[PDB]
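# Architecture and fold: a report
The residues making up each chain are set out below.
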Amino acid sequence: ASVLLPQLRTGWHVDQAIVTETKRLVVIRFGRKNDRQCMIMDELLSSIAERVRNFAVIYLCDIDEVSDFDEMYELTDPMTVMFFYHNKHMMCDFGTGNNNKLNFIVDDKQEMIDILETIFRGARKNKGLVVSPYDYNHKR
Amino acid sequence: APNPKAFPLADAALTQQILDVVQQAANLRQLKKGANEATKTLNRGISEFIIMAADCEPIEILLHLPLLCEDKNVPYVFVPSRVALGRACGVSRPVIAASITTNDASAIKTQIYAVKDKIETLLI
Amino acid sequence: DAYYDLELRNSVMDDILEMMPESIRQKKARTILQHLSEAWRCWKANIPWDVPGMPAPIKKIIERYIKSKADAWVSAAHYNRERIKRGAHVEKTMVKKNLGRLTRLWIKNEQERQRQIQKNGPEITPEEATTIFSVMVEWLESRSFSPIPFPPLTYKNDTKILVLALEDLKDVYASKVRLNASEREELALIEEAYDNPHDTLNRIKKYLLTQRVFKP
Amino acid sequence: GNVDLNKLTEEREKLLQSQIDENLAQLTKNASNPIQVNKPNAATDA
Amino acid sequence: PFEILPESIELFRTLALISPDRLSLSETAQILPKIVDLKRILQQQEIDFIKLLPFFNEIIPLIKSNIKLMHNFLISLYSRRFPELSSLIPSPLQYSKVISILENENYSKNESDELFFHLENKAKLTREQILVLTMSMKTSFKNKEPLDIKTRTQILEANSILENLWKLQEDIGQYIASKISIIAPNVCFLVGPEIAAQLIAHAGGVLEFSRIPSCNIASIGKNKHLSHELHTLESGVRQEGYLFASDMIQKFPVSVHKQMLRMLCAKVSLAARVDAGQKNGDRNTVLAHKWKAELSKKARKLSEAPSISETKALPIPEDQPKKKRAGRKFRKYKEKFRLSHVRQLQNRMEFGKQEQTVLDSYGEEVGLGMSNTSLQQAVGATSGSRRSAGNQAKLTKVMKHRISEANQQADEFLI
Amino acid sequence: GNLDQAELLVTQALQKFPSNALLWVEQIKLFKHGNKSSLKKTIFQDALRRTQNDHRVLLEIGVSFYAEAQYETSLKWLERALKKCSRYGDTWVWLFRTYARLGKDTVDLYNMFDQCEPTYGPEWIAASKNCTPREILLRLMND
Amino acid sequence: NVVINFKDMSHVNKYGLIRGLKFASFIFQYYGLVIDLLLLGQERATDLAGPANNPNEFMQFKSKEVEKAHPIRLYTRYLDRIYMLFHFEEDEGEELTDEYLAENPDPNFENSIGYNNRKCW
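Residues numbered from 1 in each chain as written, not as in the entry; some residues may be left out. Chains lettered and ligands numbered in written order. Part of a larger assembly, values for the part shown. Heavy atoms only, no water. Residues with missing side-chain atoms left out of burial classes, pairs and counts.

Per the deposited record, the coordinates in this entry were obtained by cryo-EM to a resolution of 3.60 Å.

Laid out in structure tokens, this is it:
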């Protein structure tokens, strides 16, 4: 949602967000405001965010506005989310073959939550990677 | 200060005694808290004596009970505090009327009888 | 297609926000979101959404939104069901969602039917009843059917019957290795019945005699 | 595409006061969802 | 004139004998249009007296009793001709009407107007009621011409008397209603004048009503609870009855009706008591107002739900294995949640062998596993795999309580 | 004519001696008059409790039921009373009356009439005082 | 007649049997017996079942004459579904057809359109 999840303004802000949450994990949706898929993701994440407030924070980002982070995906720019812990980018191996970012909408709220939890756990361990409990392959 | 129509109001010691009896009655399941329960008791004939509250406001929700007692020939008192009565009964909430009921085989029969006698003495 | 509803929700919210660009507006917007959600929830339940303090135009808008959702939602659900029936293609959670939605709509229809019935009496005109009751009675007479009596207090084939009843109840749990709470409770009840059979029988007969109001 | 509600929105804009907006009844769950959640979860507390 | 009514009362008491009342009946008949007509006239006439009650508070219960007696008599007359009628149609006037209709004859065997007459001539008859009546007729109504003409005549007479009595009662009720804004103003305020009249009339006087305990008030004016007629409402309100049909309850949602009804009963009772207490020409009616306000508030509260919960957070997933305990005490509880040894055995499957299944009719799938020893399996079955007592499905606290209650009820029934 | 007074007296008696069945019977009779026509079943229950299903109380209840004209119930009550103590008289008479009222026959009663009568039972006793037979007496009572 | 609940949406089952009540099957069967009787008529039902003292095995009869008496040769009912096997000598069938026509006119001959058929075969 627009009202529920906090959205970030400029790259500096994003960077700050990524750094500052020492305790929690940081989920940044990078997505163009008016897109379908991105919107869906935002909706999903709104639900999740409240649930997982204690372990992971969600933030949104208009990717056409903040062009600082086209290092993060090599100028492909689909509607994505990204995961961070202690300023270290967090890799999550789905079926997708892009282990860096989930660039696909997952419809199950619970599933999303579970994956978030998994990544948090990985971060805590220190494991940069983590294998998701859900295979995907189909969404991509 | 207490309502005039609340009569007979029990004297301090007497009131205390009544409360004690009620507490005993409560313990024994011999007692019936509340206007409606008290009324029911009267109808039945099980009531030994009816204990009312002077600080019941509005008093007139109470004032049928006395009439009923008179018509049934049942001793009745008011105590002064509803709160106290409630406590005695075993209810944190304000109780205004109660009935100690009849049960021959009670331990506290004698006590109850004593209280009844006292109540009768009060009436005139 | 399932996204459509979401889009509508978003769009409406945005419009509302635009309409009230006031002080402390974010909070208000958030509140309104909840209201929007709640109306939808109410609709789903088939409870009416009659908020007292809500100002008229806003309320109207909300109602309109919910109507739109219904139009989209029910139809969408139906489409999904059709697809499923066909064996065409469907997401593994989408189907589940549909089943919920579909269930809800079934409930709504059935309950509405019931309501209608209540309003306008039973569909059996008394003549019909007379005819059909008559038919049954005549049949019974022909058969010389001795009616089934109430299970006697010391009924001959009583214990056996009870046992049979218990076994059927059990049957579902025999396979399963864990039990949730409800299942466990049921099992416990069965055990109790078995173990205090006489007591159970007494309970059952009492219920038959007298129990006419039931846990829902 | 968002044509059916525009008029309604306009009407709303026209009508409402600031005070009215301030005093929206922060809404209660009519379908008693949290209770239900508490109950089911308790039942199926794994 | 004014002086008649103690005589009337006295007459009414003479009926309080038992069925068969025959010579008594004849006396009763005499007593009827003598008295049950003049009274009506008096009622109709305005400004005869304002202190007719409490002599009409003395009489209404008597009247009720009389009506009941009449009904009983009627049933006696008709039973063995049509036993189930009483069961089906409980209301006495209604019953009488039905009987009258039933008797009528002429085109009655096919359909007069048979099923037409019930709805119109015995105004009360609802579709459901009618259907059951029809069913009863089809089964148990013997429809052979009445045992004797004399019997028929007697029944007709009874009907006439009963009907008259009912009419009188109705008139009295109406009078009470007309008056009650003076009689029981608080009660009226709480509920509504007609309702108050209905309640008060049923009671006797206002004093009688007051004496009635609040829980009973609810089910005054209830239609005799039939076993066969359906009951459960969306409301959850078991009683119905005059109060339930008040504005004060019936305006709110059905969610609240039960609680609301309960509230009303008690407040109504209180109002009645207050009225009883008051002397004539006081008309305070402040307490009642307050009560009404309170009721409204309560209703509002019930309709309003809880404010949204701040979605309870998932706990920071840490994966602590701190516990490490045991104890005859603790190991029992944990035994209920342990996989037991037989289950463990079952979970083991022999490698080469086809594993022992069980054919549950629900599903054959089930693997009995290696809980049965090979040799044992080859031969037969085992209660060696029925070892444990520490995980034998115990009830909940609630469930246990419920079962106990049920048992108690059963015991009571037996006594 | 005075009924309130009677009621009061009964209450007083109960207060003094609760278990006495005659008082209970009297109370029941009073109730049957029909001033209350309510708190009736409860009262009966109370009486039963106090008197411990006393023979006489049951009989009284049966009589009341008969008067009201729920006849099966009355019959049942009478049967119960008989079971409690067959020797007592008036109960038999009541049963006979009930039988007469209904279509049921008295052969069974006659068969079971081998047991005694005027040992106890007020009306029966009175009748006896007013004679040597038994069946004749019963007939007279019925009449 | 219970309150049927569901994920925060109740109603009260004032009409139409609940299938999940353990006895309900029996009730359903009983209900269908009424319907069966109606379908058959009393006499035909009697013929089918036979006398009460000595009933018939399924589809059997006491004679070949009572089998041939009524049009309904065999009747059965698997729950909601019913299966009636009528047998008409030509004339009777024709008469029936005529009656049907009279009640329900068919000028255009668009009755083969609509008529269900076993498209599996």
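## A short note on the state of the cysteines
What is meant by a disulfide is a covalent connection between two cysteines, made through their sulfur atoms. All names here are of chain B. To be explicit about the condition: Throughout, a disulfide means two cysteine sulfur atoms within 2.5 Å of one another. Between buried and exposed lies partly exposed: a residue is buried under 20% and exposed over 50% of the maximum accessible area for its type, with that area taken using a 1.4 Å probe on protein chains only.
According to the stated counting rule, one finds zero disulfides over all chains in the structure shown. Here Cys 69 stays free of any disulfide, with the sulfur of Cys 56 as its closest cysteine sulfur at 14 Å. Among the residues examined, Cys 69 registers a relative accessible area of 0% and is labelled buried.

## Describing the packing of helix α5 (residues 126–143) of chain C against helix α2 (residues 42–49) of chain G
Let me state the cut-off plainly: Structural elements are reduced to axes, namely lines fitted to C-alpha atoms, with helices fitted over the stretch in contact, and the angle between N-to-C directions of any two is expressed from 0 to 180 degrees. In DSSP terms, a helix is any run of H or I states spanning at least four residues, a strand is any run of E spanning at least two, and both are numbered starting from the N terminus. Should the near helix be turned anticlockwise from the far one by less than a right angle, the crossing is termed left-handed; should it be turned clockwise, right-handed. Throughout, a contact is declared for two residues whenever any of their heavy atoms are within 4.5 Å. Three categories are distinguished: nonpolar for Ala, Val, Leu, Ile, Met, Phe, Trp, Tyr, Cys and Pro, charged for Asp, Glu, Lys and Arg, and polar for the others, with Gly belonging to the last.
Put simply, α5 of chain C and α2 of chain G touch, their axes get as near as 10 Å, and they point 35° apart. Between α5 of chain C and α2 of chain G lies a crossing whose hand is right-handed. Facing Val 135, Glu 138, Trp 139, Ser 142 and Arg 143 of chain C of α5 of chain C, the residues of α2 of chain G in contact are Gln 42, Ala 45, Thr 46 and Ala 49 of chain G. Of the residues belonging to the contact of α5 of chain C with α2 of chain G, the class tally is four nonpolar, three polar and two charged.

## Digging into the packing of aromatic side chains
Defined as follows: Any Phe, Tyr or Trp ring, taking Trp's six-membered ring, that has another such ring centre within 6.5 Å forms a pair; planes under 30 degrees apart are called stacked, those over 60 apart edge-to-face, and the others tilted. Geometrically, a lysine NZ or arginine CZ counts as sitting over a ring once it is within 6 Å of the ring centre and also within 35 degrees of the ring normal.
Counted according to the given criterion, the structure contains 19 aromatic pairs over all chains. Taking the centre distance of 6.3 Å and the plane angle of 70° together, the rings of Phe 44 of chain F and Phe 65 of chain F count as edge-to-face. Here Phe 44 of chain F, found in helix α3 (residues 40–51), pairs with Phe 65 of chain F, found in helix α4 (residues 55–68); they are 21 residues apart in sequence, far enough to count as distant. Judged by its relative accessible area of 15%, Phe 65 of chain F falls in the buried class. These aromatic residues form a ring-pair network of at least three members: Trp 92, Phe 96, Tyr 110 and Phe 113 of chain F. Its end group placed over the ring of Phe 330 of chain E, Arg 325 of chain E keeps NZ or CZ at 4.4 Å from the ring centre. The ring of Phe 31 of chain F has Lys 36 of chain F lying over it, and the distance from NZ or CZ to the ring centre is 4.3 Å.

## A word on the arrangement of the chains
Separating chain A from chain B is a minimum C-alpha gap of 39 Å, and the two share no contact. In this structure chain D stays clear of chain F, and the shortest span between their C-alpha atoms is 40 Å.

## Remarks on the interface of chain E and chain C
Contact residues are listed per partner, giving 32 residues for chain E and 32 residues for chain C. Counting residues per element, the ones that place at least two in the side of chain E that touches chain C are α8 (127–139) and α21 (397–414) of chain E. For the side of chain E that touches chain C, the element with the highest residue contribution is α21 of chain E, accounting for nine residues. Taken together, the residues of the side of chain E that touches chain C sort by class into 16 nonpolar, six polar and 10 charged.

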